[PDB]
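Comments concern the structure below.
Read the figures in this text as sums done on the coordinates, not as results from a lab. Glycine also receives a Cβ, built like all others from the backbone with ideal geometry; neighbour counts cover every protein chain displayed.
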Amino acid sequence: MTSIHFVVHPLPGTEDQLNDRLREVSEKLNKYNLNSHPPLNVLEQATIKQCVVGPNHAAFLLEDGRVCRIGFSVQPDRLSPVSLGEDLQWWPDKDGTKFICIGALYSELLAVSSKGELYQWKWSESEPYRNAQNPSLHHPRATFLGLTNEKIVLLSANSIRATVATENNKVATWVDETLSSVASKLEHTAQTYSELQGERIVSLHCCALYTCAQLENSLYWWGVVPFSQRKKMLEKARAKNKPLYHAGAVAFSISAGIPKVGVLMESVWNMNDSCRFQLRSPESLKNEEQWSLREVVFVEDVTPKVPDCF
């Protein structure tokens with residue numbers, strides 16, 4: 001038995017604001033003791049293993065192998081401040097899937113079954129993926145990842161990135177559907193690494209850039225190198241020879257809470273300088289924004305060799 005509460009904390013701020021919001025939710029729980037929301041009343045009685053929050057919805061996991069989704073939106077005039085959806089949509093259960101782990105992505109969700117299958121479906125639509133040609137295959141990227149014949153034991157997710165570790169100690173990483181033009185660099189299929197000594201992968205966590213795995217007595221991180229290290233390498237490559245980036249190079253950013261892919265108009269000379277970018281709309285693959293220099297990735301991978309940002 002439990003009760004569900006919501007709170008909103010504006011991102012640029014200090015820990016004091018977070019503590020103040022937690023204080024407010026505690027006071028609401030104690031001083032006033034407001035009634036529970038009927039839409040989540042059923043979910044209150046059920047135990048919870050994990051919960052994830054998407055860009056616009058939230059997904060709850062059950063100990064009985066059940067996953068549910070609900071809609072939320074935060075209004076600025078009232079800034080519970082979160083207005084929830086009128087109705088909650090469950091997971092269509094066939095043959096008792098009995099999921100284990102869940103994760104949230106910008107364009108979809110991710111689930112792991114008891115046998116292990118990356119069940120997923122987008123936030124826009126309302127049905128789990130159903131391949132007509134292969135009714136036993138879900139997550140059309142599953143074959144490309146190479147996880148269609150393995151037992152998934154750990155899953156981790158962020159807005160754009162996802163990673164899965166199987167029982168065979170193989171870590172497979174990829175990005176979201178929106179970020180596809182850069183997938184040639186950030187994606188590794190199912191593969192065992194000699195860095196992992198073969199012990200049971202205790203935990204896997206990831207962020208918008210890289211991913212860290214916790215073993216029994218070690219932490220191993222991989223992905224994009226930190227921006228401070230990127231700047232250090234850039235200043236230790238061009239300057240030591242005594243046009244950092246050519247124009248028209250594509251990249252992606254997670255600025256303002258939305259991952260967007262765009263090109264750069266002019267070459268960058270000073271790394272700390274903020275450069276304008278030309279937005280590349282997702283529909284254009286099938287307007288002008290001055291992106292922050294630090295959040296840009298420069299995925300184009302553009303005398304000794306150029307330092308690698310990966």
Picked from segment 159-212 (must be of a type in the set (S, T, N, Q) and in contact with a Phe, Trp or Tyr (Cβ under 9 Å, 6 or more places away or on another chain)), the residue nearest to residue 112 (Cα to Cα) is 163
When every residue in segment 149-169 that is within 14 Å of residue 111 (Cα to Cα) and of a type in the set (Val, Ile, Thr) is compared, the one surrounded by the fewest Cβ atoms within 10 Å (Cβ to Cβ) is 153
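To keep it simple, each residue is scored yes or no on (1) over 26 Å from the mean Cα position of the chain (by Cα); (2) part of a loop (DSSP other than H, G, I, E, B).
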| residue | (1), (2) |
| --- | --- |
| 7 | no, yes |
| 18 | no, no |
| 25 | yes, no |
| 35 | yes, yes |
For residue 64, are the conditions met, namely being surrounded by fewer than 15 Cβ atoms within 10 Å (Cβ to Cβ), of a type in the set (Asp, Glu), at positive phi and part of a loop (DSSP other than H, G, I, E, B)? no
Subset of segment 101-127, residues in a loop (DSSP other than H, G, I, E, B), surrounded by fewer than 18 Cβ atoms within 10 Å (Cβ to Cβ) and not small (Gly, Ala, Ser), comes to 115, 125, 127
task = Please tell me if residue 181 is out of contact with any strand residue (DSSP E or B) (no Cβ under 7 Å at 6 or more places or on another chain), surrounded by 12 or more Cβ atoms within 10 Å (Cβ to Cβ), in a loop (DSSP other than H, G, I, E, B) and not β-branched (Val, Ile, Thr).
result = no
Quick check, is residue 98 of a type in the set (D, E, K, R), within 25 Å of residue 141 (Cβ to Cβ) and either in contact with a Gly (Cβ under 6 Å, 6 or more places away or on another chain) or surrounded by fewer than 11 Cβ atoms within 10 Å (Cβ to Cβ) (or both)? yes
Heads up, the strands (runs of 3 or more DSSP E) in segment 201-310 (entirely inside) with at least 1 residues that are more than 19 Å from the chain's Cα centre (by Cα) are 219-223, 250-253, 260-264, 277-279
Subset of segment 131-148, residues surrounded by 12 or more Cβ atoms within 10 Å (Cβ to Cβ) and assigned to a loop (DSSP other than H, G, I, E, B), comes to 131, 134, 137, 138, 139, 140, 141, 146, 147, 148
All-but-one check, residue 72 against (1) under 30 Å from residue 135 (Cα atoms); (2) in a strand (DSSP E or B); (3) of a type outside the set (S, T, N, Q), failing number (1)
